[PDB]
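Engineer: Right, I'll just put the structure down here and ask away after.
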Amino acid sequence: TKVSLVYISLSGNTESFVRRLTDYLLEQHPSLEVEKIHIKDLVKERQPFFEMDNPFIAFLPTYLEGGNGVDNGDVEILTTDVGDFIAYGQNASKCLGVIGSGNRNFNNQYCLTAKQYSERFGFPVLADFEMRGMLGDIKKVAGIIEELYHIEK
Ligand SMILES: Cc1cc2nc3c(=O)[nH]c(=O)nc-3n(C[C@H](O)[C@H](O)[C@H](O)COP(=O)(O)O)c2cc1C
């Protein structure tokens with residue numbers, strides 16, 4: 001069994017979480033295969049999108065136009081390449097769910113993009129965390145991953 005973590009990180013918060021989550025998973029399951037796919041790196045290095053051969057979890061930080069933007073400023077910015085990757089071929093049917101990263105000071109817009117992705121593609125929001133996330137978030141997401149990939153505890 002292989003764990004696939006598809007993410008984007010613009011200021012490093014989600015990148016940090018994915019790194020620490022992977023370290024935690026390997027500490028608990030030394031032989032586990034964990035694949036990280038950074039969408040930003042695929043785009044910048046001018047690599048094409050592809051179809052996943054393995055079920056995966058999406059990690060999506062929240063960036064919205066805000067201000068006096070159309071539809072209460074709830075238009076996604078900067079992260080749309082993640083949506084494109086999921087919308088590619090049959091990737092949506094391969095997505096186990098989305099995990100949102102955000103800032104509680106954004107009140108009702110806290111992790112809104114994850115819910116938008118969930119509503120569009122039909123997979124659930126598995127969890128949300130604030131900024132880099134805490135140990136409690138690491139452990140929770142690790143548990144969800146163990147359940148979803150049927151990993152022995
Ligand atoms: C321009 C801008 C807009 C943001 N809008 C939201 C938002 O609407 N809701 C939210 O929960 N967090 C919002 N955030 C906070 C980020 O989602 C949060 O800092 C996240 O951890 C960023 O992850 P990253 O470092 O991997 O890019 C915003 C941050 C910036 C810089």
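By convention here, the chains of the structure tokens are called A, B, ... in the order presented, each chain's residues are numbered starting at 1, and ligands are numbered starting at 1 in the order presented.
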Enumerate as a short mmCIF file (atom, residue, chain, number, x, y, z; two decimals) with N, CA, C and O atoms, in the first residue's frame all residues of segment 18-146 of chain A assigned to helix (DSSP H, G or I) by DSSP on the backbone, naming them with the chain letters and numbers the document uses.

Structural biologist:
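Here's the written file part.cif:
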```cif
data_model
loop_
_atom_site.label_atom_id
_atom_site.label_comp_id
_atom_site.auth_asym_id
_atom_site.auth_seq_id
_atom_site.Cartn_x
_atom_site.Cartn_y
_atom_site.Cartn_z
N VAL A 18 2.82 18.73 5.86
CA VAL A 18 3.01 17.50 5.07
C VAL A 18 4.34 16.81 5.43
O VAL A 18 4.39 15.58 5.53
N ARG A 19 5.39 17.60 5.63
CA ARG A 19 6.68 17.07 6.05
C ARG A 19 6.60 16.41 7.44
O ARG A 19 7.06 15.27 7.61
N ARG A 20 6.03 17.12 8.41
CA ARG A 20 5.90 16.58 9.77
C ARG A 20 4.95 15.38 9.84
O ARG A 20 5.20 14.43 10.58
N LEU A 21 3.87 15.43 9.06
CA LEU A 21 2.92 14.31 8.98
C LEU A 21 3.60 13.05 8.44
O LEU A 21 3.38 11.95 8.96
N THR A 22 4.42 13.21 7.41
CA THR A 22 5.18 12.11 6.83
C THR A 22 6.16 11.52 7.84
O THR A 22 6.24 10.29 7.99
N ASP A 23 6.89 12.38 8.55
CA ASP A 23 7.80 11.94 9.60
C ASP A 23 7.05 11.15 10.67
O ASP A 23 7.54 10.12 11.14
N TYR A 24 5.87 11.63 11.06
CA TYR A 24 5.07 10.93 12.06
C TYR A 24 4.61 9.56 11.57
O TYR A 24 4.73 8.56 12.29
N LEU A 25 4.10 9.51 10.34
CA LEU A 25 3.65 8.25 9.74
C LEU A 25 4.76 7.19 9.66
O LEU A 25 4.52 6.02 9.96
N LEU A 26 5.95 7.62 9.25
CA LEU A 26 7.11 6.71 9.17
C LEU A 26 7.62 6.27 10.54
O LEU A 26 8.09 5.15 10.70
N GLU A 27 7.51 7.16 11.53
CA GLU A 27 7.81 6.79 12.92
C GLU A 27 6.88 5.67 13.39
O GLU A 27 7.31 4.71 14.02
N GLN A 28 5.59 5.80 13.06
CA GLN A 28 4.61 4.79 13.44
C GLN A 28 4.67 3.54 12.55
O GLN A 28 4.47 2.42 13.04
N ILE A 39 2.15 20.38 -6.15
CA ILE A 39 1.58 20.93 -7.38
C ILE A 39 2.36 22.15 -7.88
O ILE A 39 2.62 22.28 -9.08
N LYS A 40 2.75 23.02 -6.96
CA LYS A 40 3.57 24.20 -7.27
C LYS A 40 4.84 23.81 -8.03
O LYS A 40 5.20 24.47 -9.01
N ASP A 41 5.50 22.74 -7.59
CA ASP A 41 6.72 22.25 -8.23
C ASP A 41 6.48 21.65 -9.62
O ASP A 41 7.33 21.77 -10.49
N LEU A 42 5.33 20.99 -9.81
CA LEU A 42 4.97 20.48 -11.13
C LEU A 42 4.75 21.61 -12.13
O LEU A 42 5.18 21.53 -13.28
N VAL A 43 4.09 22.68 -11.66
CA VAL A 43 3.78 23.84 -12.50
C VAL A 43 5.05 24.65 -12.84
O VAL A 43 5.30 24.93 -14.01
N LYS A 44 5.83 24.99 -11.82
CA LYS A 44 7.05 25.80 -11.99
C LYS A 44 8.09 25.11 -12.88
O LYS A 44 8.74 25.76 -13.71
N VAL A 70 -16.52 39.76 -5.99
CA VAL A 70 -17.78 39.10 -6.33
C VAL A 70 -18.07 37.90 -5.41
O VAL A 70 -17.15 37.22 -4.95
N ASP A 71 -19.36 37.69 -5.11
CA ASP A 71 -19.81 36.62 -4.21
C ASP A 71 -19.10 36.65 -2.86
O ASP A 71 -18.44 35.68 -2.46
N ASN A 72 -19.23 37.78 -2.16
CA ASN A 72 -18.66 38.00 -0.83
C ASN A 72 -17.14 37.80 -0.72
O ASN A 72 -16.62 37.48 0.35
N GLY A 73 -16.44 37.99 -1.84
CA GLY A 73 -14.99 37.79 -1.92
C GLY A 73 -14.56 36.34 -1.78
O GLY A 73 -13.42 36.06 -1.40
N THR A 80 -5.51 27.43 -7.59
CA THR A 80 -6.41 26.79 -8.57
C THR A 80 -5.80 25.63 -9.36
O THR A 80 -6.54 24.80 -9.91
N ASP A 81 -4.47 25.56 -9.41
CA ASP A 81 -3.77 24.45 -10.06
C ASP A 81 -4.03 23.10 -9.39
O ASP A 81 -3.98 22.05 -10.05
N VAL A 82 -4.30 23.12 -8.08
CA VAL A 82 -4.69 21.92 -7.34
C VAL A 82 -6.03 21.41 -7.87
O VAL A 82 -6.18 20.23 -8.16
N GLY A 83 -6.99 22.33 -8.01
CA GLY A 83 -8.29 22.02 -8.59
C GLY A 83 -8.18 21.45 -9.99
O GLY A 83 -8.91 20.52 -10.35
N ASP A 84 -7.26 22.01 -10.77
CA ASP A 84 -7.02 21.56 -12.14
C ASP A 84 -6.49 20.14 -12.16
O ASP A 84 -6.93 19.32 -12.98
N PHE A 85 -5.55 19.84 -11.27
CA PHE A 85 -4.97 18.50 -11.16
C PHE A 85 -6.04 17.48 -10.80
O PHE A 85 -6.07 16.38 -11.35
N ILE A 86 -6.91 17.84 -9.85
CA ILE A 86 -7.99 16.95 -9.45
C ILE A 86 -9.01 16.77 -10.58
O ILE A 86 -9.48 15.66 -10.80
N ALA A 87 -9.31 17.85 -11.30
CA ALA A 87 -10.27 17.79 -12.42
C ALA A 87 -9.73 17.05 -13.66
O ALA A 87 -10.49 16.77 -14.60
N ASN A 91 -9.00 11.75 -11.87
CA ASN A 91 -8.38 12.04 -10.58
C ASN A 91 -9.37 12.28 -9.45
O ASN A 91 -9.12 11.88 -8.31
N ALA A 92 -10.50 12.92 -9.77
CA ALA A 92 -11.54 13.19 -8.77
C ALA A 92 -12.05 11.91 -8.11
O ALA A 92 -12.27 11.88 -6.90
N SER A 93 -12.23 10.86 -8.90
CA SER A 93 -12.68 9.56 -8.39
C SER A 93 -11.60 8.87 -7.55
O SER A 93 -11.89 7.94 -6.80
N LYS A 94 -10.36 9.35 -7.67
CA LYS A 94 -9.22 8.81 -6.92
C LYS A 94 -8.91 9.59 -5.64
O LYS A 94 -8.09 9.16 -4.82
N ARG A 104 -7.95 31.18 11.50
CA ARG A 104 -9.24 31.39 12.19
C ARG A 104 -9.72 32.84 12.22
O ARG A 104 -10.92 33.11 12.36
N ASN A 105 -8.79 33.78 12.06
CA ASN A 105 -9.14 35.19 11.97
C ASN A 105 -9.97 35.55 10.74
O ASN A 105 -10.56 36.64 10.69
N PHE A 106 -10.03 34.65 9.76
CA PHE A 106 -10.88 34.83 8.59
C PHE A 106 -12.33 34.40 8.84
O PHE A 106 -13.15 34.42 7.92
N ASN A 107 -12.63 34.04 10.09
CA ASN A 107 -14.00 33.81 10.57
C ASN A 107 -14.77 32.83 9.68
O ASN A 107 -14.38 31.67 9.57
N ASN A 108 -15.85 33.29 9.04
CA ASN A 108 -16.68 32.40 8.23
C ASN A 108 -16.02 31.92 6.94
O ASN A 108 -16.52 30.99 6.30
N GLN A 109 -14.89 32.53 6.59
CA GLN A 109 -14.12 32.12 5.41
C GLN A 109 -12.99 31.14 5.77
O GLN A 109 -12.19 30.77 4.91
N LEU A 112 -12.38 27.87 3.61
CA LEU A 112 -13.53 27.82 2.71
C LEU A 112 -13.24 27.02 1.43
O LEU A 112 -14.10 26.28 0.96
N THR A 113 -12.03 27.17 0.89
CA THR A 113 -11.68 26.52 -0.37
C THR A 113 -11.83 24.99 -0.33
O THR A 113 -12.36 24.39 -1.27
N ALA A 114 -11.41 24.37 0.78
CA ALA A 114 -11.59 22.92 0.96
C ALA A 114 -13.05 22.49 0.79
O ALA A 114 -13.34 21.49 0.11
N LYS A 115 -13.97 23.25 1.39
CA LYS A 115 -15.41 22.99 1.27
C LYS A 115 -15.92 23.20 -0.15
O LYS A 115 -16.79 22.45 -0.62
N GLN A 116 -15.38 24.21 -0.84
CA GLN A 116 -15.68 24.42 -2.25
C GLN A 116 -15.25 23.22 -3.09
O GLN A 116 -16.03 22.74 -3.93
N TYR A 117 -14.03 22.71 -2.86
CA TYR A 117 -13.54 21.52 -3.56
C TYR A 117 -14.41 20.30 -3.26
O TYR A 117 -14.79 19.56 -4.18
N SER A 118 -14.74 20.09 -1.98
CA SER A 118 -15.65 19.03 -1.56
C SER A 118 -17.00 19.08 -2.28
O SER A 118 -17.50 18.05 -2.76
N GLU A 119 -17.60 20.27 -2.35
CA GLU A 119 -18.90 20.45 -2.99
C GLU A 119 -18.85 20.19 -4.49
O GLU A 119 -19.80 19.66 -5.06
N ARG A 120 -17.74 20.57 -5.11
CA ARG A 120 -17.58 20.41 -6.55
C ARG A 120 -17.33 18.96 -6.96
O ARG A 120 -17.96 18.45 -7.89
N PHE A 121 -16.42 18.30 -6.25
CA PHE A 121 -15.96 16.97 -6.63
C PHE A 121 -16.67 15.81 -5.90
O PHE A 121 -16.65 14.68 -6.38
N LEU A 135 0.65 19.34 16.90
CA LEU A 135 0.82 17.90 17.05
C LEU A 135 -0.52 17.17 17.00
O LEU A 135 -0.65 16.12 16.36
N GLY A 136 -1.53 17.73 17.68
CA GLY A 136 -2.88 17.17 17.69
C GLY A 136 -3.45 16.97 16.29
O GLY A 136 -4.09 15.95 16.02
N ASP A 137 -3.19 17.93 15.41
CA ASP A 137 -3.61 17.84 14.00
C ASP A 137 -2.85 16.75 13.24
O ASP A 137 -3.44 16.01 12.45
N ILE A 138 -1.54 16.68 13.48
CA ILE A 138 -0.69 15.63 12.89
C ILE A 138 -1.26 14.24 13.24
O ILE A 138 -1.50 13.42 12.36
N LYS A 139 -1.50 14.01 14.53
CA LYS A 139 -1.99 12.72 15.01
C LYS A 139 -3.37 12.39 14.45
O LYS A 139 -3.61 11.25 14.05
N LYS A 140 -4.25 13.38 14.39
CA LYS A 140 -5.59 13.18 13.84
C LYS A 140 -5.56 12.79 12.36
O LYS A 140 -6.19 11.81 11.96
N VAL A 141 -4.81 13.54 11.56
CA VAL A 141 -4.71 13.26 10.12
C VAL A 141 -4.02 11.92 9.87
O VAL A 141 -4.42 11.17 8.97
N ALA A 142 -3.01 11.60 10.68
CA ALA A 142 -2.37 10.29 10.61
C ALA A 142 -3.38 9.16 10.85
O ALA A 142 -3.37 8.16 10.13
N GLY A 143 -4.25 9.33 11.84
CA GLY A 143 -5.30 8.34 12.13
C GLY A 143 -6.28 8.15 10.98
O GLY A 143 -6.66 7.02 10.65
N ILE A 144 -6.68 9.27 10.37
CA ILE A 144 -7.57 9.28 9.20
C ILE A 144 -6.91 8.53 8.03
O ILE A 144 -7.56 7.71 7.36
N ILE A 145 -5.62 8.79 7.82
CA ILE A 145 -4.84 8.12 6.77
C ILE A 145 -4.76 6.61 7.01
O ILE A 145 -4.92 5.82 6.07
N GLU A 146 -4.54 6.21 8.27
CA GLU A 146 -4.50 4.80 8.65
C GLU A 146 -5.83 4.10 8.38
O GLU A 146 -5.85 2.95 7.92
#
```

Engineer: Could you pull out the residues sitting within 8 Å of ligand 1, using only C-alpha atoms and all ligand atoms, and write them as number ranges by chain?

Structural biologist: A: 8-16, 60-66, 74, 101-113, 130-132

Engineer: I need the residues from that last selection saved to file as a tab-separated table (two decimals), in the first residue's frame (with N, CA and C atoms), if you can.

Structural biologist:
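Output (part-v9.tsv):
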```
chain	number	residue	atom	x	y	z
A	8	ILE	N	-0.44	21.94	-2.22
A	8	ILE	CA	0.22	23.18	-2.62
A	8	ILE	C	0.54	23.99	-1.36
A	9	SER	N	1.66	24.70	-1.40
A	9	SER	CA	2.08	25.53	-0.28
A	9	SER	C	2.74	26.77	-0.85
A	10	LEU	N	2.17	27.93	-0.55
A	10	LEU	CA	2.67	29.19	-1.09
A	10	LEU	C	3.62	29.90	-0.13
A	11	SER	N	3.37	29.77	1.17
A	11	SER	CA	4.25	30.39	2.16
A	11	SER	C	4.90	29.37	3.11
A	12	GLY	N	4.69	28.08	2.83
A	12	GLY	CA	5.38	27.01	3.56
A	12	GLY	C	4.65	26.34	4.71
A	13	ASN	N	3.45	26.82	5.06
A	13	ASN	CA	2.69	26.23	6.18
A	13	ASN	C	2.24	24.79	5.92
A	14	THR	N	1.62	24.58	4.76
A	14	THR	CA	1.12	23.26	4.37
A	14	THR	C	2.29	22.32	4.08
A	15	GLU	N	3.35	22.86	3.48
A	15	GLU	CA	4.59	22.12	3.23
A	15	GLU	C	5.15	21.57	4.54
A	16	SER	N	5.21	22.42	5.56
A	16	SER	CA	5.65	22.03	6.90
A	16	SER	C	4.77	20.92	7.49
A	60	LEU	N	-5.01	21.65	0.92
A	60	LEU	CA	-5.35	22.90	0.26
A	60	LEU	C	-5.38	24.05	1.27
A	61	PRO	N	-4.36	24.93	1.24
A	61	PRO	CA	-4.46	26.14	2.04
A	61	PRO	C	-5.48	27.08	1.40
A	62	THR	N	-5.96	28.04	2.18
A	62	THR	CA	-7.06	28.91	1.77
A	62	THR	C	-6.57	30.28	1.34
A	63	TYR	N	-6.81	30.62	0.08
A	63	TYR	CA	-6.53	31.97	-0.43
A	63	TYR	C	-7.72	32.45	-1.24
A	64	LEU	N	-8.35	33.52	-0.76
A	64	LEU	CA	-9.55	34.06	-1.39
A	64	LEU	C	-9.34	35.53	-1.75
A	65	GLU	N	-9.97	35.97	-2.84
A	65	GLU	CA	-9.83	37.36	-3.33
A	65	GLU	C	-10.13	38.38	-2.22
A	66	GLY	N	-11.16	38.09	-1.42
A	66	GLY	CA	-11.54	38.92	-0.28
A	66	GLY	C	-12.07	40.28	-0.70
A	74	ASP	N	-15.46	35.42	-2.11
A	74	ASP	CA	-15.22	33.98	-1.93
A	74	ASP	C	-14.66	33.30	-3.19
A	101	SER	N	-6.15	24.07	5.14
A	101	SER	CA	-5.26	24.84	6.01
A	101	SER	C	-5.72	26.30	5.93
A	102	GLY	N	-5.79	26.98	7.07
A	102	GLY	CA	-6.25	28.36	7.07
A	102	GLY	C	-5.90	29.13	8.32
A	103	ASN	N	-6.61	30.23	8.52
A	103	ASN	CA	-6.39	31.15	9.63
A	103	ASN	C	-7.76	31.50	10.22
A	104	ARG	N	-7.95	31.18	11.50
A	104	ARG	CA	-9.24	31.39	12.19
A	104	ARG	C	-9.72	32.84	12.22
A	105	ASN	N	-8.79	33.78	12.06
A	105	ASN	CA	-9.14	35.19	11.97
A	105	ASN	C	-9.97	35.55	10.74
A	106	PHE	N	-10.03	34.65	9.76
A	106	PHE	CA	-10.88	34.83	8.59
A	106	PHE	C	-12.33	34.40	8.84
A	107	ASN	N	-12.63	34.04	10.09
A	107	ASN	CA	-14.00	33.81	10.57
A	107	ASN	C	-14.77	32.83	9.68
A	108	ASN	N	-15.85	33.29	9.04
A	108	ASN	CA	-16.68	32.40	8.23
A	108	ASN	C	-16.02	31.92	6.94
A	109	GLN	N	-14.89	32.53	6.59
A	109	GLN	CA	-14.12	32.12	5.41
A	109	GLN	C	-12.99	31.14	5.77
A	110	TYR	N	-12.94	30.73	7.03
A	110	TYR	CA	-11.94	29.76	7.50
A	110	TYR	C	-12.02	28.46	6.70
A	111	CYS	N	-10.91	28.13	6.03
A	111	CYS	CA	-10.79	26.93	5.19
A	111	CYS	C	-11.92	26.76	4.18
A	112	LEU	N	-12.38	27.87	3.61
A	112	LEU	CA	-13.53	27.82	2.71
A	112	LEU	C	-13.24	27.02	1.43
A	113	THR	N	-12.03	27.17	0.89
A	113	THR	CA	-11.68	26.52	-0.37
A	113	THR	C	-11.83	24.99	-0.33
A	130	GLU	N	-5.03	24.96	11.42
A	130	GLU	CA	-4.59	26.35	11.36
A	130	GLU	C	-3.11	26.48	11.04
A	131	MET	N	-2.81	27.22	9.96
A	131	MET	CA	-1.44	27.54	9.56
A	131	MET	C	-0.54	26.29	9.47
A	132	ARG	N	0.51	26.20	10.28
A	132	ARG	CA	1.40	25.03	10.25
A	132	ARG	C	0.78	23.78	10.89
```

Engineer: If you measure from atom CA of residue 5 of chain A to atom CA of residue 48 of chain A, what distance in Å do you get, rounded to one decimal?

Structural biologist: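 Those two atoms sit 17.8 Å apart.
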
Engineer: So what do you get for atom CA of residue 36 of chain A versus atom CA of residue 52 of chain A, distance-wise?

Structural biologist: 12.4 Å

Engineer: Run DSSP on the backbone and grab whatever in chain A lands in strand (DSSP E or B); send it over as an NGL selection string.

Structural biologist: :A and (2-7 or 33-38 or 56-61 or 64 or 76 or 95-102 or 125-130)

Engineer: Quick one: residues within 7 Å of residue 56 of chain A, only C-alpha atoms, excluding same-chain residues fewer than 6 positions away - as a PyMOL selection string?

Structural biologist: chain A and resi 3-6+94-96

Engineer: Could you save those same residues with C-alpha atoms as a short mmCIF file (atom, residue, chain, number, x, y, z; two decimals), in the first residue's frame?

Structural biologist:
```
data_model
loop_
_atom_site.label_atom_id
_atom_site.label_comp_id
_atom_site.auth_asym_id
_atom_site.auth_seq_id
_atom_site.Cartn_x
_atom_site.Cartn_y
_atom_site.Cartn_z
CA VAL A 3 0.04 6.80 0.70
CA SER A 4 -0.20 9.74 -1.73
CA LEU A 5 -0.27 13.32 -0.43
CA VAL A 6 -1.05 15.96 -3.08
CA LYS A 94 -9.22 8.81 -6.92
CA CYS A 95 -9.34 11.56 -4.29
CA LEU A 96 -10.12 10.25 -0.79
#
```

Engineer: If I take atom CA of residue 122 of chain A and atom CA of residue 57 of chain A, how far is one from the other in Å, to one decimal?

Structural biologist: 13.3 Å

Engineer: With distances taken over only C-alpha atoms, which residue among A:67, A:88, A:125, A:33 lies nearest residue 50 of chain A?

Structural biologist: A:88
